[PDB]
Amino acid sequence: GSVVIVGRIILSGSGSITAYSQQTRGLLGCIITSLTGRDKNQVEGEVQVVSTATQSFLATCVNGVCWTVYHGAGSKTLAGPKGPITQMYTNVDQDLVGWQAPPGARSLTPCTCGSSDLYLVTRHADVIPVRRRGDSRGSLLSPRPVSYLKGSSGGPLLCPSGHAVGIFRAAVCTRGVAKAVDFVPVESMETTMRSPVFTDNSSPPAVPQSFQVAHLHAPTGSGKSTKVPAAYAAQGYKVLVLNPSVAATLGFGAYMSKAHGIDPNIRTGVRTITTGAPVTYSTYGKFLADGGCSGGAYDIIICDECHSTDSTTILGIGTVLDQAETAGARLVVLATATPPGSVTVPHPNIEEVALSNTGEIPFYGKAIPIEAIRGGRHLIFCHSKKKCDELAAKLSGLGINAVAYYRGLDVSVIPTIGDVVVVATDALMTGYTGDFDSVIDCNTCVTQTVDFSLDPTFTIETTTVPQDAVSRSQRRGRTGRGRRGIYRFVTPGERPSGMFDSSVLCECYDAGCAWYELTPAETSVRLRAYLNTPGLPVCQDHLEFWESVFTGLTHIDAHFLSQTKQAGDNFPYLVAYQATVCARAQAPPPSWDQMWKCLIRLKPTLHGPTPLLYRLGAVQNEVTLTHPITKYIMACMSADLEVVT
């Protein structure tokens, strides 16, 4: 899926700025060149209209480099003369990427005039007056529905003389009405050309004189969470180590005792073991449960797997980065083998073979030859538990030894030895360590996005989407470790890594409130520290908004919170709170799906419309918007919300 110039925006060269569009492709060579990656059309102008199979937006030439946004182009190559063109610059932290300017492409000159009267060119060749307010912010003179600004990410903010000031990346909205714009300044583009092409950090950082936050990018199985602590501790240092997976944390004492002769502390909600050693191993959950950091117990805190975008790890890291320095630590280390922007490379131990339609076993529109999985140990990733269950059952029906694994199931279901086909969701990763002769990958994930739907408030929706770079790589990575593997896939398609959704923030607050006695205010301090930190995965900054929502969720029914927590489903807080409001109102929940099971005893007692606070799934019952919490959350919706265009 290469990026393809499909047209251009003609700018005036003198006088008042005017623009008009010329379209050079009509889906013709578009979706086609989208693949070939060879663009036989000549590049004129300085503002390009670009498009992928799915998305269209803009790109701006400055200092002989074609620039656009990461959120829009990912790491995708640019189509041109000598086929696909690799990106020369890729800066997730700033939401900015750039290819080298193709034949005949002229650039704009960076604004030196320091003006505050700016103009935004959109993909409709509109020239929109913007009043600069910040270094990266400008107010609109005529507020517009956000929809008008869409497909315009990547377009230039010009000064009156027509010099590039920045590129458009996001709109600040009030109830979906764009009133300001966020942009990437040209100084960021300059800083990006001037950064060392390669920055090595494959090496355990020296313990700084004063407190440092440091990065550690090294491939899996390099001693990142084993050797590296065994060196630090060797130098008489106190090591805390935080990992996302209980299974992984536990399995450390036994290996550290082996290949490193230490008996470290292991902390989990399942098993605490205090051996009184310098090195400790704890999950993010457990670290959060223990209140975070405490009086100078550690000099080094490694955040293993710092790239995972689950609410638990995000919140854990944020607590570190905010506290470590005050807890008397000298070094914090953000460790990962797959930083943001990371891309899928071939791997030596792993042969990759696309599935076809020939096979005895239907699998996501393709098929799996039985000989490929009869005999051996194999791992098949499905996007849902129901799918795991269905395929495991079908395989058993064929006399193939097969088990389903997903959250709610105990690891024991997985045989550690002998022929097996394990059919699993991504939950495999947090609760099991072993590897397999091959991996078969459906290439899809289930994710959650927030929609600020105003009906009445917001909506959290679950959708099946193509996988991202982190997903392919960790799934493929369950084979070919210390031996030969095979990786079979349904699609070669991949997706940009490094970003997560606002709903994950929402999840962090929910968890702070449900599981850690964290105030929204406290959770903010910790997320703030995470967001303030370069190198990490990125999310729109909606802290104030989410903080404001959870703040007004007062006096929850403790019994309800207990039931939602135990049941273990998403948003136990928000689910329990909506349950509380309902019961107190003597009204029914949004529906009688299992999400609302904590209310089943009261079923005969509850009648009339639901006092709906927000949408966490299907709403079957009638609704009333008159509850004060509803109105409270409605008032929260009026805050500035930056959304990407």
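Residue numbers here begin at 1 and follow the sequence given.
Look at the C-alpha B-factors of 552-560 and of 571-579. On average they run higher in 552-560. Higher mean CA temperature factor, per the PDB entry, when comparing 226-234 with 485-493: 226-234. Going by the entry's values, 325 shows the largest Cα B-factor out of 544, 410, 95, 325. If you compare the C-alpha temperature factors of 365, 72, 143, 114 in the entry, 114 comes out highest. Among the modelled residues of the chain, residue 263 sits in the highest third by CA temperature factor in this PDB entry. In the deposited entry, the Cα temperature factor of residue 607 sits in the bottom third of values across the chain's modelled residues. Annotation for residue 601: CA B-factor lies in the middle third of the chain's modelled residues. When the modelled residues of the chain are ordered by their C-alpha B factor, residue 41 lands in the highest third. Residue-level temperature factors show residue 55 in the highest third of its chain, judged at the C-alpha atom.
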